Amino acid sequence: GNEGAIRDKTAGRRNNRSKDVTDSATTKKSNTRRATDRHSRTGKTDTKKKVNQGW
Amino acid sequence: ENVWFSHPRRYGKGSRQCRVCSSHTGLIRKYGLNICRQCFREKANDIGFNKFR
Amino acid sequence: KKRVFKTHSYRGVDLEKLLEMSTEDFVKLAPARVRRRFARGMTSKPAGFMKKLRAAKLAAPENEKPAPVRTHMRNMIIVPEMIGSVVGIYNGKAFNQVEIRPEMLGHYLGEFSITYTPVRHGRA
Amino acid sequence: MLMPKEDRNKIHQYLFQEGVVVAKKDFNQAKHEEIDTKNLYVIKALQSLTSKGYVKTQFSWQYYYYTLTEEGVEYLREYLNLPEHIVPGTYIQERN
RNA sequence: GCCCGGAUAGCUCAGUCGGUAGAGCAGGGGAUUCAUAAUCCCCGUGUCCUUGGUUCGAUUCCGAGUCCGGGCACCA
RNA sequence: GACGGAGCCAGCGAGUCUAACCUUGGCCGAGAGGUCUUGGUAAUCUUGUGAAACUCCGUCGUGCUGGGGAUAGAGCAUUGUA
Ligand SMILES: [Mg+2]
Ligand SMILES: [Mg+2]
Ligand SMILES: [Mg+2]
Ligand SMILES: [Mg+2]
Ligand SMILES: [Mg+2]
Ligand SMILES: [Mg+2]
Ligand SMILES: [Mg+2]
Ligand SMILES: [Mg+2]
Ligand SMILES: [Mg+2]
Ligand SMILES: [Zn+2]
């Protein structure tokens, strides 16, 4: 509880300030996938009969 | 009978909706219309809101 | 000796009187927000609580802290009548057991139960 | 649902007489306009009544429009006993 | 069984006049893509081996010891 | 240019029925606000919305200064069950 929280060193600002900052902080967007956007993953395909029945 | 199943609903986003669609969000409250914006765009013609400028 | 130290004073009132003063007279001497809270809402609030509370303080095994009394009422203002009690002050999970001191008068229960774990950046 | 037969009779009777019901989609009402019962009772009783034929339900803008069907007329006719050809919204008022 | 080579972030690898610790790889996360890649960023990270000594200041200048790494199957 | 008197001018809006919305005026209050009344379902009442930059007469005088107002302490009120 609150006694805990004030008494706990390894807490508060000074302690953080003195730690190194990770590199994933200064990362970048990620992106993951995009030049696959037009490439269908479904592996299924339709078929000229089904399409011709539909449309 | 069950004295356990309501908390205030007098005011805030929780106190209203869309007369059209229940949605609590993005509500048009002006002129007492009380339509959510998505709906209001679909109804604005039948209400009498047209596009001039 | 003689001078058994000396009591506390809330805003110029030593314990003694404060303890048997009345909740209403207490908030009378409290500051703005308190006086407001008490001003509105006078219909059933810290109700069965105090009863239980006092009962626990009676069921106390002498010369010792009364058993904890759990609540969720983080919004409840600390007033003389609850001095020297032990309260499980919920923070979300967990009721943080807290004893109430003379110098806690007028603060909210929720101040004494922290609601998040500190932080600790970097580290491993 | 779960409701004392008396309220079920208020619903069924009102319904037979009127031949039509409306209820705002809002459970937790406690009493609905007209019929002297919980809105929840109306809505559910009706819903049931419908899913076994008897009534058609329309929804539109949060509102439930309840329509009594022919087979249904027969049914509540049974439930309130009232002899074959009793009534409903099935006669043209005065000459209105 | 030698001698050889090491030790610091998980790991691989830097370092110090002795002031306050780094880098890669790993990891975690964004950006770029209809979605993944690539790419382009972000982040986080440390029982300075044990083991003692020296020293205004030592991871960091030594020493002792232990895991080990490289090469070779018990002649005073 | 900030401060302080004083001058003092817009346009587009909106507002309460089975309800508590826009609010003038009178008092009380340093202020925030309070209180008694009031007009308006409105080109009618709030409202000429007397808005702010701006104008004028002063104070300051180049100094982190009276530029700047972050952070923080104490007290008072308003919305709200909180
Ligand atoms: Mg409800
Ligand atoms: Mg917590
Ligand atoms: Mg896409
Ligand atoms: Mg001026
Ligand atoms: Mg005063
Ligand atoms: Mg009036
Ligand atoms: Mg005008
Ligand atoms: Mg300066
Ligand atoms: Mg200033
Ligand atoms: Zn809607």
# chains A, B, ... in the order shown; residues from 1 in each chain; ligands from 1
>>> residues_near_ligand(ligand="ligand 5", cutoff="9 Å", atoms="only C-alpha atoms (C1' of nucleotides) and all ligand atoms", output="NGL selection string")
:F and (29-31)
>>> residues_near_ligand(ligand="ligand 2", cutoff="6 Å", atoms="only C-alpha atoms (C1' of nucleotides) and all ligand atoms", output="ChimeraX atom specification")
/C:115-117
>>> residues_near_ligand(ligand="ligand 10", cutoff="8 Å", atoms="only C-alpha atoms (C1' of nucleotides) and all ligand atoms", output="mmCIF file with N, CA and C atoms, in the first residue's frame")
data_model
loop_
_atom_site.group_PDB
_atom_site.id
_atom_site.type_symbol
_atom_site.label_atom_id
_atom_site.label_comp_id
_atom_site.auth_asym_id
_atom_site.auth_seq_id
_atom_site.Cartn_x
_atom_site.Cartn_y
_atom_site.Cartn_z
ATOM 1 N N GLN B 17 -28.969 8.900 -26.953
ATOM 2 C CA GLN B 17 -28.546 8.079 -28.071
ATOM 3 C C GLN B 17 -28.894 8.651 -29.437
ATOM 4 N N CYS B 18 -29.186 7.758 -30.374
ATOM 5 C CA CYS B 18 -29.721 8.117 -31.681
ATOM 6 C C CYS B 18 -31.194 7.665 -31.705
ATOM 7 N N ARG B 19 -32.137 8.563 -31.982
ATOM 8 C CA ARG B 19 -33.527 8.114 -32.065
ATOM 9 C C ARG B 19 -33.627 7.103 -33.180
ATOM 10 N N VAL B 20 -32.776 7.274 -34.180
ATOM 11 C CA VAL B 20 -32.608 6.262 -35.209
ATOM 12 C C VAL B 20 -31.915 4.968 -34.744
ATOM 13 N N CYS B 21 -30.703 5.030 -34.184
ATOM 14 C CA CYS B 21 -29.913 3.780 -34.042
ATOM 15 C C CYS B 21 -29.234 3.380 -32.723
ATOM 16 N N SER B 22 -29.618 3.932 -31.569
ATOM 17 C CA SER B 22 -29.011 3.594 -30.253
ATOM 18 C C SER B 22 -27.614 4.182 -29.976
ATOM 19 N N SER B 23 -26.822 4.414 -31.019
ATOM 20 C CA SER B 23 -25.429 4.829 -30.833
ATOM 21 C C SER B 23 -25.257 6.034 -29.913
ATOM 22 N N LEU B 27 -23.063 12.296 -31.580
ATOM 23 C CA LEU B 27 -24.473 12.664 -31.602
ATOM 24 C C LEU B 27 -24.706 14.136 -31.966
ATOM 25 N N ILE B 35 -29.805 12.903 -33.618
ATOM 26 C CA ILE B 35 -29.485 11.851 -34.551
ATOM 27 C C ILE B 35 -27.968 11.740 -34.475
ATOM 28 N N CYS B 36 -27.432 10.528 -34.614
ATOM 29 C CA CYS B 36 -25.996 10.355 -34.706
ATOM 30 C C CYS B 36 -25.581 10.793 -36.085
ATOM 31 N N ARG B 37 -24.372 11.325 -36.204
ATOM 32 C CA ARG B 37 -23.945 11.941 -37.464
ATOM 33 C C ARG B 37 -24.012 10.985 -38.670
ATOM 34 N N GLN B 38 -23.661 9.727 -38.465
ATOM 35 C CA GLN B 38 -23.719 8.783 -39.559
ATOM 36 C C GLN B 38 -25.136 8.668 -40.061
ATOM 37 N N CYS B 39 -26.086 8.649 -39.137
ATOM 38 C CA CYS B 39 -27.470 8.489 -39.536
ATOM 39 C C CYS B 39 -27.938 9.789 -40.170
ATOM 40 N N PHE B 40 -27.726 10.873 -39.448
ATOM 41 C CA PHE B 40 -28.115 12.157 -39.964
ATOM 42 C C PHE B 40 -27.680 12.390 -41.400
#
>>> residues_around(residues="residue 41 (chain F)", least_positions_apart="4", cutoff="12 Å", atoms="only C-alpha atoms (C1' of nucleotides)", output="VMD selection string")
chain F and resid 15 to 17 19 21 to 22 45
>>> write_last_selection(atoms="N, CA, C and O atoms (P, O5', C5', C4', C3', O3' and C1' of nucleotides)", output="PDB file, in the first residue's frame")
ATOM      1  P     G F  15     -32.596  26.727 -30.555  1.00  0.00           P
ATOM      2  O5'   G F  15     -32.242  26.774 -29.033  1.00  0.00           O
ATOM      3  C5'   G F  15     -33.149  26.349 -28.081  1.00  0.00           C
ATOM      4  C4'   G F  15     -32.980  27.117 -26.818  1.00  0.00           C
ATOM      5  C3'   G F  15     -34.251  27.661 -26.241  1.00  0.00           C
ATOM      6  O3'   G F  15     -34.927  26.684 -25.484  1.00  0.00           O
ATOM      7  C1'   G F  15     -32.626  29.370 -26.291  1.00  0.00           C
ATOM      8  P     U F  16     -35.727  25.487 -26.204  1.00  0.00           P
ATOM      9  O5'   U F  16     -36.448  24.791 -24.978  1.00  0.00           O
ATOM     10  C5'   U F  16     -35.834  24.817 -23.697  1.00  0.00           C
ATOM     11  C4'   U F  16     -36.847  24.790 -22.582  1.00  0.00           C
ATOM     12  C3'   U F  16     -38.300  24.751 -22.996  1.00  0.00           C
ATOM     13  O3'   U F  16     -38.685  23.506 -23.550  1.00  0.00           O
ATOM     14  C1'   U F  16     -38.053  26.274 -21.238  1.00  0.00           C
ATOM     15  P     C F  17     -40.122  22.882 -23.275  1.00  0.00           P
ATOM     16  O5'   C F  17     -40.473  22.170 -24.640  1.00  0.00           O
ATOM     17  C5'   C F  17     -41.819  21.855 -24.946  1.00  0.00           C
ATOM     18  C4'   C F  17     -42.421  20.931 -23.910  1.00  0.00           C
ATOM     19  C3'   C F  17     -43.837  20.444 -24.211  1.00  0.00           C
ATOM     20  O3'   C F  17     -43.984  19.091 -23.733  1.00  0.00           O
ATOM     21  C1'   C F  17     -43.824  21.553 -22.112  1.00  0.00           C
ATOM     22  P     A F  19     -42.028  16.873 -18.954  1.00  0.00           P
ATOM     23  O5'   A F  19     -41.227  17.922 -19.857  1.00  0.00           O
ATOM     24  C5'   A F  19     -41.474  19.322 -19.760  1.00  0.00           C
ATOM     25  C4'   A F  19     -40.191  20.114 -19.685  1.00  0.00           C
ATOM     26  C3'   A F  19     -39.297  19.775 -18.498  1.00  0.00           C
ATOM     27  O3'   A F  19     -37.933  20.062 -18.831  1.00  0.00           O
ATOM     28  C1'   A F  19     -40.021  22.009 -18.309  1.00  0.00           C
ATOM     29  P     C F  21     -32.113  24.702 -17.002  1.00  0.00           P
ATOM     30  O5'   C F  21     -32.526  24.363 -18.498  1.00  0.00           O
ATOM     31  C5'   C F  21     -31.544  24.193 -19.506  1.00  0.00           C
ATOM     32  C4'   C F  21     -31.775  25.106 -20.688  1.00  0.00           C
ATOM     33  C3'   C F  21     -31.321  26.533 -20.526  1.00  0.00           C
ATOM     34  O3'   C F  21     -29.932  26.695 -20.653  1.00  0.00           O
ATOM     35  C1'   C F  21     -33.455  26.523 -21.501  1.00  0.00           C
ATOM     36  P     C F  22     -29.258  28.076 -20.219  1.00  0.00           P
ATOM     37  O5'   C F  22     -29.821  29.107 -21.278  1.00  0.00           O
ATOM     38  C5'   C F  22     -29.124  29.340 -22.486  1.00  0.00           C
ATOM     39  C4'   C F  22     -29.637  30.563 -23.174  1.00  0.00           C
ATOM     40  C3'   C F  22     -29.348  31.869 -22.479  1.00  0.00           C
ATOM     41  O3'   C F  22     -28.046  32.332 -22.723  1.00  0.00           O
ATOM     42  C1'   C F  22     -31.614  31.799 -23.088  1.00  0.00           C
ATOM     43  P     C F  45     -38.089  43.483 -27.546  1.00  0.00           P
ATOM     44  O5'   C F  45     -37.534  42.696 -26.267  1.00  0.00           O
ATOM     45  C5'   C F  45     -38.421  42.235 -25.254  1.00  0.00           C
ATOM     46  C4'   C F  45     -37.767  41.234 -24.322  1.00  0.00           C
ATOM     47  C3'   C F  45     -36.252  41.177 -24.344  1.00  0.00           C
ATOM     48  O3'   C F  45     -35.649  42.201 -23.563  1.00  0.00           O
ATOM     49  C1'   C F  45     -37.117  38.986 -24.491  1.00  0.00           C
TER      50        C F  45
END
>>> select_by_dssp(residues="chain B", states="alpha helix (DSSP H)", output="count of residues only")
11
>>> residues_around(residues="region 33-43 of chain E", least_positions_apart="6", cutoff="12 Å", atoms="only C-alpha atoms (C1' of nucleotides)", output="MDAnalysis selection string")
(chainID A and resid 20:42) or (chainID C and resid 121:122) or (chainID E and resid 27)
>>> atom_distance(atom1="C1' of residue 39 (chain F)", atom2="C1' of residue 25 (chain F)")
9.8 Å
>>> atom_distance(atom1="CA of residue 72 (chain D)", atom2="CA of residue 5 (chain D)")
18.5 Å
>>> residues_around(residues="residue 14 (chain D)", least_positions_apart="4", cutoff="10 Å", atoms="only C-alpha atoms (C1' of nucleotides)", output="MDAnalysis selection string")
chainID D and resid 8:10 18:21 34:36 88
>>> residues_around(residues="residue 8 (chain B)", least_positions_apart="5", cutoff="10 Å", atoms="only C-alpha atoms (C1' of nucleotides)", output="PDB file with N, CA, C and O atoms (P, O5', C5', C4', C3', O3' and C1' of nucleotides), in the first residue's frame")
ATOM      1  N   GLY B  14     -24.043   8.860 -21.703  1.00  0.00           N
ATOM      2  CA  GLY B  14     -24.839   7.713 -21.316  1.00  0.00           C
ATOM      3  C   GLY B  14     -26.308   8.024 -21.152  1.00  0.00           C
ATOM      4  O   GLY B  14     -27.126   7.109 -21.130  1.00  0.00           O
ATOM      5  N   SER B  15     -26.665   9.302 -21.074  1.00  0.00           N
ATOM      6  CA  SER B  15     -28.081   9.660 -20.905  1.00  0.00           C
ATOM      7  C   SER B  15     -28.925   9.820 -22.194  1.00  0.00           C
ATOM      8  O   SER B  15     -30.069  10.306 -22.140  1.00  0.00           O
TER       9      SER B  15
ATOM     10  P     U F  81     -27.063  15.329  -9.198  1.00  0.00           P
ATOM     11  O5'   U F  81     -26.367  14.365  -8.139  1.00  0.00           O
ATOM     12  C5'   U F  81     -26.941  14.166  -6.857  1.00  0.00           C
ATOM     13  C4'   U F  81     -26.251  13.066  -6.082  1.00  0.00           C
ATOM     14  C3'   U F  81     -24.762  13.227  -5.842  1.00  0.00           C
ATOM     15  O3'   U F  81     -24.450  14.177  -4.853  1.00  0.00           O
ATOM     16  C1'   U F  81     -25.204  11.006  -6.463  1.00  0.00           C
TER      17        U F  81
END
>>> residues_near_ligand(ligand="ligand 9", cutoff="12 Å", atoms="only C-alpha atoms (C1' of nucleotides) and all ligand atoms", output="ChimeraX atom specification")
/F:1-3,65-69
>>> residues_around(residues="region 86-103 of chain C", least_positions_apart="3", cutoff="10 Å", atoms="only C-alpha atoms (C1' of nucleotides)", output="compact mmCIF listing (two decimals) with C-alpha atoms, in the first residue's frame")
# COMPACT_ATOMS: atom_id res chain seq x y z
CA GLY A 1 0.00 0.00 0.00
CA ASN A 2 1.00 3.61 0.41
CA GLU A 3 3.60 2.95 3.08
CA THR C 7 -2.54 16.43 21.60
CA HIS C 8 -3.08 17.34 17.99
CA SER C 9 -5.15 20.26 16.79
CA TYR C 10 -7.19 20.15 13.58
CA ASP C 14 -7.32 19.77 20.26
CA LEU C 15 -8.35 16.12 19.80
CA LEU C 18 -12.97 17.01 18.14
CA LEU C 19 -13.62 13.43 19.23
CA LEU C 53 -16.82 0.18 12.31
CA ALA C 56 -15.43 -3.68 15.41
CA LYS C 57 -13.90 -1.02 17.70
CA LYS C 65 -6.15 -2.11 16.51
CA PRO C 66 -9.74 -3.06 15.61
CA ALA C 67 -10.11 -5.54 12.74
CA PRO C 68 -10.07 -4.09 9.22
CA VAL C 69 -13.41 -3.02 7.77
CA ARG C 70 -13.42 -3.24 3.99
CA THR C 71 -15.06 -0.61 1.79
CA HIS C 72 -15.06 0.61 -1.83
CA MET C 73 -15.95 4.08 -0.71
CA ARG C 74 -12.72 5.75 -1.84
CA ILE C 78 -12.17 11.32 7.05
CA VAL C 79 -13.83 12.87 10.07
CA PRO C 80 -13.14 12.59 13.86
CA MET C 82 -13.47 7.35 12.41
CA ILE C 83 -10.15 8.21 14.04
CA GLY C 106 -10.45 15.82 6.02
CA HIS C 107 -8.66 13.86 3.29
CA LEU C 109 -9.94 7.55 1.77
CA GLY C 110 -8.71 7.10 -1.77
CA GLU C 111 -5.65 9.21 -1.13
CA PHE C 112 -4.29 6.58 1.21
CA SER C 113 -4.66 3.71 -1.20
CA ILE C 114 -2.48 4.03 -4.29
CA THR C 115 -4.23 2.87 -7.50
CA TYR C 116 -1.29 2.07 -9.76
